[PDB]
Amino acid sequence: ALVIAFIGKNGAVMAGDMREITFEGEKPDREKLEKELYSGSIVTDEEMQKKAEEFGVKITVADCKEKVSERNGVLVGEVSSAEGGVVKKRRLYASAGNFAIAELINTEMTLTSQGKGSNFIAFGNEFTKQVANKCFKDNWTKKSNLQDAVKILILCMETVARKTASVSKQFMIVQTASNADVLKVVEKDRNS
């Protein structure tokens, strides 16, 4: 999975893949497949099914999950898991010169960080994060605008989907010029 965002002085852009993977089978087997998938080892959807067969894990892949949206001028990106009855979730809130990060601890979406000014934020496994970070640093220039950031994030999303089967080729992009306070949105989410 991968959610990436660029926060600038005049707005913010956010992109997310649409892949959702469910695993079914014994825990040591699922854990072995997961490690291979989140390491960049499995590149194609063909190699993923061959590996699931090998480890005796049934895998369903769904490529229509909207991971980014825009509520009140604030962009919201989310990555989530399910493991041993534990639901884990991380959200990114972004607007012009504004950002916040919150995690689902138990039943409450809890703010873990925030910042002002310009930033690039990548949400993903260690592999997808290093690849997107490398693509961003390679193409971003100091005086680049929000429009250049759109092209860059598209290139990041395409480069990652070419290297791993943990991300889908299809992706979404939301953008805003609004400077609405993201902390307001994180408070609204805090309960439920």
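Numbering starts at 1 and runs along the sequence shown.
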Which is higher on average in the deposited entry, the C-alpha temperature factors of 36-44 or of 128-136?
-> 36-44
Comparing 51-59 with 153-161, which has the greater mean CA B-factor as deposited?
-> 51-59
Going by what the PDB entry lists, where does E78 fall on CA B-factor within its chain: lowest, middle or highest third?
-> lowest
For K67, the third of its chain by CA B-factor is the lowest
By its CA B factor, does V3 count among the lowest, middle or highest third of the modelled residues in the chain?
-> lowest
Could you say whether, by C-alpha temperature factor, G84 belongs to the lowest, middle or highest third of its chain?
-> highest
Name the third of the chain's ranked CA B-factors that contains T176, choosing lowest, middle or highest.
-> middle
